[PDB]
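K.L.:
Have a look at this one.
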Amino acid sequence: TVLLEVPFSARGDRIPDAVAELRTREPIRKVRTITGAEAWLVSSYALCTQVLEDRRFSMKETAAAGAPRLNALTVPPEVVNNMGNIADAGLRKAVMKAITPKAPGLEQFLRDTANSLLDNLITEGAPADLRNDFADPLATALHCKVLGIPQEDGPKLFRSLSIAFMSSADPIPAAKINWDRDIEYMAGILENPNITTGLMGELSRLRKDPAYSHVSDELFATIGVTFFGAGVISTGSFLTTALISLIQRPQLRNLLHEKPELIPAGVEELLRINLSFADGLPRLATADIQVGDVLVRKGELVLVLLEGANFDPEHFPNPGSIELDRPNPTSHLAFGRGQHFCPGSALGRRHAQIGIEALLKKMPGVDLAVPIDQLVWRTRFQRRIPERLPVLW
Ligand code: HEM
Ligand SMILES: Oc1ccc(Nc2cc(-c3ccc(O)cc3)n[nH]2)cc1
């Protein structure tokens with residue numbers, strides 16, 4: 001028999017019980033990736049946190065030529081260090097202030113968009129597709145408002161993502177075509193005088209500010225492309241698979257409908273058990289570092305399995321159960337940890353909270369319209385998503 005291969009399953013509605021047996025017997029284990037490279041798979045909360053909290057496990061260095069690779073680069077190699085380049089241009093504070101849910105009228109725009117999408121579904125009649133006709137259009141509309149771009153440009157940018165976020169063994173020619181086209185669009189936004197709000201509106205005025213005169217134009221447009229794609233694919237995928245977990249639990253669904261003030265705690269447990277990230281977080285060791293029973297050598301690839309940490313019984317007792325009263329509710333790794341902690345976590349939380357709350361009010365009796373096995377799980381992709389999520393209510 002051959003070396004164990006990752007990823008285990010494209011399914012995002014159950015964790016394979018091989019994860020628990022691996023975490024107990026071998027919390028750091030040698031695996032093979034889709035490119036044929038070997039990597040260290042880390043599946044325990046203690047070791048995942050160690051790897052994420054140690055910058056000698058470098059994300060930037062995963063882009064080096066000849067390194068062992070989890071998948072093929074779908075971006076220019078310098079875009080792998082996206083947040084490092086943003087921080088070096090002095091734009092980190094401005095970017096993060098622009099993508100908070102605390103902007104005036106942002107939460108109200110979400111609820112109106114969520115209610116409008118659910119009303120169209122109700123009017124068309126069951127069955128409805130909650131991913132393509134709810135969760136994804138909501139994520140797309142939210143990021144258009146956050147970036148400051150017209151809502152009508154959302155759909156054409158969204159359809160690049162099924163290729164842009166592939167997990168491929170080989171480079172993808174269409175990924176570069178979509179990237180170049182989406183960069184040109186974002187560069188025109190920076191030259192568009194009608195774009196004065198959101199992230200692109202702020203970046204536009206900073207581009208003309210003397211303190212940013214020697215920041216490259218490619219970087220301003222890269223921020224727009226990279227934050228739209230990362231945000232749309234992460235919020236849309238998380239909300240899609242969180243709705244499945246809710247629907248599968250009619251008692252939890254009724255409780256959140258009856259007492260909607262528990263929705264923030266519900267979303268935190270849905271984040272912890274979430275399987276949206278299809279691969280471990282890749283890091284390349286830049287030194288010899290002891291991890292558990294393994295001396296990781298310089299130049300080797302490390303994969304941080306988030307569901308291994310988030311389903312760890314040593315840190316979350318009874319990990320498969322949704323418990324709205326845990327003592328450590330936000331200590332999960334759904335947003336990462338350390339240097340590269342997700343910069344849009346607050347906006348991702350409010351997107352799911354508002355989407356769920358609107359769904360429970362409009363379709364309180366929402367349930368699957370097909371047996372759970374009939375869902376089609378997207379393969380070789382950086383997220384686990386069903387192609388369609390058909391429901392009745
Ligand atoms: C439910 C929603 C989301 C989830 C579960 C999520 C998850 C994550 C995780 C786990 C990481 C860490 C990656 C690593 O350490 O290798 C990350 C990073 C990142 N996220 Fe999110 N994310 C979400 C929403 C968003 C949103 C709304 C945005 C922007 C609008 C965004 C933009 C980014 C960016 C740019 C990074 C790279 C950070 C860096 O390299 O320092 N994400 N995300
Ligand atoms: O129209 C589009 C939209 C997305 C992409 N693909 C793509 C990769 C990333 C990314 C984000 C963050 C990061 O740290 C590293 C890569 N964003 N978008 C291409 C064309």
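Convention: chains lettered A, B, ... in structure tokens order; per-chain residue numbering from 1; ligands numbered from 1 as shown.
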Where does segment 106-210 of chain A meet segment 269-290 of chain A within 12 Å, residue by residue, with the nearest atom pair and distance in Å to one decimal for each, counting only C-alpha atoms, listed by chain and rising number, as a tab-separated table?
P.N.:
```
residue	atom	partner	partner_atom	distance
A:165	CA	A:278	CA	10.8
A:166	CA	A:278	CA	10.4
A:167	CA	A:279	CA	8.6
A:168	CA	A:279	CA	11.6
```
K.L.:
Can you write out the residues you just picked, keeping N, CA, C and O atoms, as an mmCIF file, in the first residue's frame?
P.N.:
```cif
data_model
loop_
_atom_site.group_PDB
_atom_site.id
_atom_site.type_symbol
_atom_site.label_atom_id
_atom_site.label_comp_id
_atom_site.auth_asym_id
_atom_site.auth_seq_id
_atom_site.Cartn_x
_atom_site.Cartn_y
_atom_site.Cartn_z
ATOM 1 N N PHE A 165 -10.349 29.342 -7.265
ATOM 2 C CA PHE A 165 -10.063 28.696 -5.991
ATOM 3 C C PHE A 165 -10.026 27.177 -6.120
ATOM 4 O O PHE A 165 -10.342 26.453 -5.172
ATOM 5 N N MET A 166 -9.629 26.690 -7.292
ATOM 6 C CA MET A 166 -9.379 25.273 -7.465
ATOM 7 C C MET A 166 -8.139 24.846 -6.692
ATOM 8 O O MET A 166 -7.210 25.627 -6.470
ATOM 9 N N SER A 167 -8.135 23.585 -6.281
ATOM 10 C CA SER A 167 -6.977 22.942 -5.671
ATOM 11 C C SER A 167 -6.471 21.933 -6.704
ATOM 12 O O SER A 167 -6.925 20.791 -6.751
ATOM 13 N N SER A 168 -5.536 22.368 -7.545
ATOM 14 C CA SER A 168 -5.114 21.608 -8.712
ATOM 15 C C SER A 168 -3.673 21.131 -8.576
ATOM 16 O O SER A 168 -2.824 21.810 -7.989
#
```
K.L.:
Ligand 1: which residues are within 6 Å, counting only C-alpha atoms and all ligand atoms, as a ChimeraX atom specification?
P.N.:
/A:83,227,230-231,234-235,238,281,334-336,340-345,347-348
K.L.:
So that I have them on file, write out the residues from the current selection with C-alpha atoms, as an mmCIF file, in the first residue's frame.
P.N.:
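Final output, saved to out00.cif:
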```cif
data_model
loop_
_atom_site.group_PDB
_atom_site.id
_atom_site.type_symbol
_atom_site.label_atom_id
_atom_site.label_comp_id
_atom_site.auth_asym_id
_atom_site.auth_seq_id
_atom_site.Cartn_x
_atom_site.Cartn_y
_atom_site.Cartn_z
ATOM 1 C CA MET A 83 -1.145 40.708 3.646
ATOM 2 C CA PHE A 227 -10.336 40.564 -1.002
ATOM 3 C CA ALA A 230 -11.329 35.474 -0.607
ATOM 4 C CA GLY A 231 -14.379 37.068 1.008
ATOM 5 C CA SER A 234 -15.272 32.110 2.269
ATOM 6 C CA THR A 235 -18.522 33.683 3.472
ATOM 7 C CA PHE A 238 -19.277 28.817 5.205
ATOM 8 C CA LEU A 281 -3.331 25.358 5.911
ATOM 9 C CA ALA A 334 -12.001 28.492 11.771
ATOM 10 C CA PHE A 335 -10.288 31.853 11.152
ATOM 11 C CA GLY A 336 -6.743 30.604 11.634
ATOM 12 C CA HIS A 340 -2.190 35.224 9.313
ATOM 13 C CA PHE A 341 -5.415 35.279 11.358
ATOM 14 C CA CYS A 342 -8.331 36.073 9.063
ATOM 15 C CA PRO A 343 -8.685 39.862 8.588
ATOM 16 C CA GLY A 344 -12.395 39.592 7.767
ATOM 17 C CA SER A 345 -13.519 37.442 10.693
ATOM 18 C CA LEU A 347 -17.505 40.580 8.649
ATOM 19 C CA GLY A 348 -17.731 36.820 8.149
#
```
K.L.:
DSSP on the backbone, then: every residue of segment 80-183 of chain A marked helix (DSSP H, G or I), written as JSON, numbers by chain.
P.N.:
{"A": [80, 81, 82, 83, 84, 85, 86, 87, 88, 92, 93, 94, 95, 96, 97, 98, 106, 107, 108, 109, 110, 111, 112, 113, 114, 115, 116, 117, 118, 119, 120, 121, 122, 123, 124, 131, 132, 133, 134, 135, 136, 137, 138, 139, 140, 141, 142, 143, 144, 145, 146, 147, 151, 152, 153, 154, 155, 156, 157, 158, 161, 162, 163, 164, 173, 174, 175, 176, 177, 178, 179, 180, 181, 182, 183]}
K.L.:
Residues as selected, C-alpha atoms, written as a CSV table (one decimal), in the first residue's frame, can you do that?
P.N.:
```csv
chain,number,residue,atom,x,y,z
A,80,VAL,CA,0.9,34.6,-1.7
A,81,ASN,CA,2.4,37.2,0.7
A,82,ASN,CA,-0.7,39.4,0.1
A,83,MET,CA,-1.1,40.7,3.6
A,84,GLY,CA,2.6,41.2,4.1
A,85,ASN,CA,2.7,43.4,1.0
A,86,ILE,CA,-0.3,45.3,2.2
A,87,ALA,CA,1.3,45.8,5.6
A,88,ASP,CA,4.6,47.0,4.1
A,92,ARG,CA,-3.1,47.4,6.9
A,93,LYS,CA,-5.1,49.7,9.1
A,94,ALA,CA,-7.0,51.3,6.3
A,95,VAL,CA,-7.9,47.9,4.7
A,96,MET,CA,-9.1,46.5,8.0
A,97,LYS,CA,-11.2,49.5,9.0
A,98,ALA,CA,-12.9,49.3,5.6
A,106,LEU,CA,-24.0,47.8,6.4
A,107,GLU,CA,-25.9,45.4,8.6
A,108,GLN,CA,-29.2,47.0,7.3
A,109,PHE,CA,-28.1,46.4,3.7
A,110,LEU,CA,-27.5,42.8,4.5
A,111,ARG,CA,-30.9,42.1,6.1
A,112,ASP,CA,-32.7,43.8,3.2
A,113,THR,CA,-30.7,41.8,0.6
A,114,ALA,CA,-31.3,38.6,2.6
A,115,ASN,CA,-35.0,39.3,2.8
A,116,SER,CA,-35.2,40.2,-0.9
A,117,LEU,CA,-33.5,36.9,-1.9
A,118,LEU,CA,-35.7,34.8,0.4
A,119,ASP,CA,-38.9,36.5,-0.9
A,120,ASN,CA,-38.0,35.6,-4.5
A,121,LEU,CA,-37.5,32.0,-3.5
A,122,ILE,CA,-40.8,32.0,-1.6
A,123,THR,CA,-42.5,33.5,-4.7
A,124,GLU,CA,-41.0,31.0,-7.1
A,131,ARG,CA,-26.4,28.2,-2.4
A,132,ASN,CA,-26.9,29.6,-5.8
A,133,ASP,CA,-30.1,31.6,-5.0
A,134,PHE,CA,-29.3,32.7,-1.5
A,135,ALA,CA,-26.0,32.1,0.2
A,136,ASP,CA,-23.7,33.0,-2.7
A,137,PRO,CA,-25.8,36.0,-4.0
A,138,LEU,CA,-25.8,37.4,-0.5
A,139,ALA,CA,-22.0,37.0,-0.1
A,140,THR,CA,-21.5,38.6,-3.5
A,141,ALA,CA,-23.8,41.5,-2.8
A,142,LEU,CA,-22.2,42.1,0.6
A,143,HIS,CA,-18.7,42.4,-0.9
A,144,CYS,CA,-19.8,44.7,-3.7
A,145,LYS,CA,-21.1,47.0,-0.9
A,146,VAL,CA,-17.9,46.6,1.1
A,147,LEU,CA,-15.6,47.2,-1.9
A,151,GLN,CA,-23.9,45.5,-7.5
A,152,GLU,CA,-24.3,44.7,-11.2
A,153,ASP,CA,-20.6,43.8,-11.6
A,154,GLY,CA,-20.9,41.2,-8.8
A,155,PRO,CA,-22.1,38.2,-10.9
A,156,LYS,CA,-19.3,38.4,-13.6
A,157,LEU,CA,-16.6,38.6,-10.9
A,158,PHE,CA,-18.3,35.8,-8.9
A,161,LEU,CA,-14.2,31.8,-8.4
A,162,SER,CA,-15.1,28.2,-9.4
A,163,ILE,CA,-11.7,28.2,-11.3
A,164,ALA,CA,-9.8,30.8,-9.2
A,173,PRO,CA,-4.6,28.4,-17.7
A,174,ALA,CA,-8.1,29.8,-17.2
A,175,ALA,CA,-7.0,30.9,-13.7
A,176,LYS,CA,-4.5,33.3,-15.2
A,177,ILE,CA,-7.0,34.6,-17.8
A,178,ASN,CA,-9.6,35.4,-15.1
A,179,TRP,CA,-6.9,36.9,-12.9
A,180,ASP,CA,-5.7,39.2,-15.6
A,181,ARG,CA,-9.2,40.2,-16.6
A,182,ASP,CA,-10.2,40.8,-12.9
A,183,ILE,CA,-7.1,42.9,-12.3
```
K.L.:
My list of candidates is A:209, A:13, A:307, A:268. Which is closest to residue 328 of chain A when distances are computed with only C-alpha atoms?
P.N.:
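Nearest to residue 328 of chain A: A:268.
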K.L.:
What is the distance, in Å and to one decimal place, between atom CA of residue 391 of chain A and atom CA of residue 369 of chain A?
P.N.:
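Atom-to-atom, atom CA of residue 391 of chain A to atom CA of residue 369 of chain A, that is 4.4 Å.
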K.L.:
Tell me, in Å to one decimal, how far atom CA of residue 71 of chain A is from atom CA of residue 169 of chain A.
P.N.:
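Rounded to one decimal, the two atoms are 5.2 Å apart.
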K.L.:
Per DSSP on the backbone, what are the strand (DSSP E) residues of segment 21-78 of chain A, as an mmCIF file with N, CA, C and O atoms, in the first residue's frame?
P.N.:
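Generated output (result-v4.cif):
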```cif
data_model
loop_
_atom_site.group_PDB
_atom_site.id
_atom_site.type_symbol
_atom_site.label_atom_id
_atom_site.label_comp_id
_atom_site.auth_asym_id
_atom_site.auth_seq_id
_atom_site.Cartn_x
_atom_site.Cartn_y
_atom_site.Cartn_z
ATOM 1 N N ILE A 28 0.916 14.227 14.179
ATOM 2 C CA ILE A 28 1.653 14.768 13.042
ATOM 3 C C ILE A 28 2.144 13.585 12.220
ATOM 4 O O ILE A 28 2.866 12.722 12.735
ATOM 5 N N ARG A 29 1.732 13.529 10.953
ATOM 6 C CA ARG A 29 1.895 12.332 10.143
ATOM 7 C C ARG A 29 2.266 12.701 8.713
ATOM 8 O O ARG A 29 1.796 13.702 8.165
ATOM 9 N N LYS A 30 3.105 11.868 8.107
ATOM 10 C CA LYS A 30 3.552 12.084 6.739
ATOM 11 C C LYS A 30 2.461 11.655 5.767
ATOM 12 O O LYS A 30 1.945 10.536 5.853
ATOM 13 N N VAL A 31 2.098 12.554 4.855
ATOM 14 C CA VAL A 31 1.069 12.302 3.854
ATOM 15 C C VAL A 31 1.604 12.726 2.490
ATOM 16 O O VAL A 31 2.696 13.286 2.369
ATOM 17 N N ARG A 32 0.825 12.436 1.453
ATOM 18 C CA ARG A 32 1.153 12.849 0.098
ATOM 19 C C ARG A 32 0.043 13.736 -0.437
ATOM 20 O O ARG A 32 -1.140 13.449 -0.245
ATOM 21 N N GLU A 38 5.376 15.049 -0.613
ATOM 22 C CA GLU A 38 5.132 14.652 0.764
ATOM 23 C C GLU A 38 4.932 15.891 1.632
ATOM 24 O O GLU A 38 5.433 16.974 1.319
ATOM 25 N N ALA A 39 4.170 15.725 2.716
ATOM 26 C CA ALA A 39 3.909 16.809 3.657
ATOM 27 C C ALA A 39 3.612 16.225 5.032
ATOM 28 O O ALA A 39 3.270 15.048 5.163
ATOM 29 N N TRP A 40 3.749 17.065 6.061
ATOM 30 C CA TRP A 40 3.400 16.695 7.429
ATOM 31 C C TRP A 40 1.984 17.170 7.733
ATOM 32 O O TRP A 40 1.708 18.375 7.701
ATOM 33 N N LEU A 41 1.093 16.229 8.035
ATOM 34 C CA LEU A 41 -0.295 16.537 8.367
ATOM 35 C C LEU A 41 -0.428 16.635 9.883
ATOM 36 O O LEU A 41 -0.154 15.664 10.593
ATOM 37 N N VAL A 42 -0.843 17.802 10.371
ATOM 38 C CA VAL A 42 -0.961 18.090 11.798
ATOM 39 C C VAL A 42 -2.443 18.154 12.152
ATOM 40 O O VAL A 42 -3.179 18.994 11.617
ATOM 41 N N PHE A 57 7.402 28.579 10.611
ATOM 42 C CA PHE A 57 6.525 27.906 9.653
ATOM 43 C C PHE A 57 5.901 29.000 8.793
ATOM 44 O O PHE A 57 4.948 29.664 9.205
ATOM 45 N N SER A 58 6.444 29.198 7.598
ATOM 46 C CA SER A 58 6.198 30.404 6.819
ATOM 47 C C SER A 58 5.163 30.143 5.734
ATOM 48 O O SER A 58 5.259 29.155 4.998
#
```
K.L.:
Identify which of the residues A:193, A:12, A:338, A:329 lies closest to residue 55 of chain A, counting only C-alpha atoms when measuring atom-to-atom distances.
P.N.:
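Among the listed residues, the smallest separation from residue 55 of chain A belongs to A:338.
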K.L.:
Select, from A:351, A:11, A:56, A:337, the residue with the minimum atom-to-atom distance to residue 304 of chain A, counting only C-alpha atoms.
P.N.:
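Smallest separation from residue 304 of chain A among the options: A:337.
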K.L.:
Between A:65, A:21, A:73, A:241, which residue has the minimum interatomic distance to residue 383 of chain A, considering only C-alpha atoms?
P.N.:
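Once distances to residue 383 of chain A are computed over only C-alpha atoms, the minimum belongs to A:241.
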K.L.:
For segment 194-198 of chain A, work out the shell of residues within 9 Å, counting only C-alpha atoms and skipping chain neighbours fewer than 3 positions away, then give it as an MDAnalysis selection string.
P.N.:
chainID A and resid 98:99 144:150 189:191 201:205
K.L.:
Any idea what the distance is between atom CA of residue 186 of chain A and atom CA of residue 350 of chain A?
P.N.:
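Value for the atom CA of residue 186 of chain A-atom CA of residue 350 of chain A distance: 25.5 Å.
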K.L.:
Restricting the calculation to only C-alpha atoms and all ligand atoms: of A:357, A:218, A:314, A:184, which residue gets closest to ligand 2?
P.N.:
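Of A:357, A:218, A:314, A:184, the one nearest ligand 2 is A:184, counting only C-alpha atoms and all ligand atoms.
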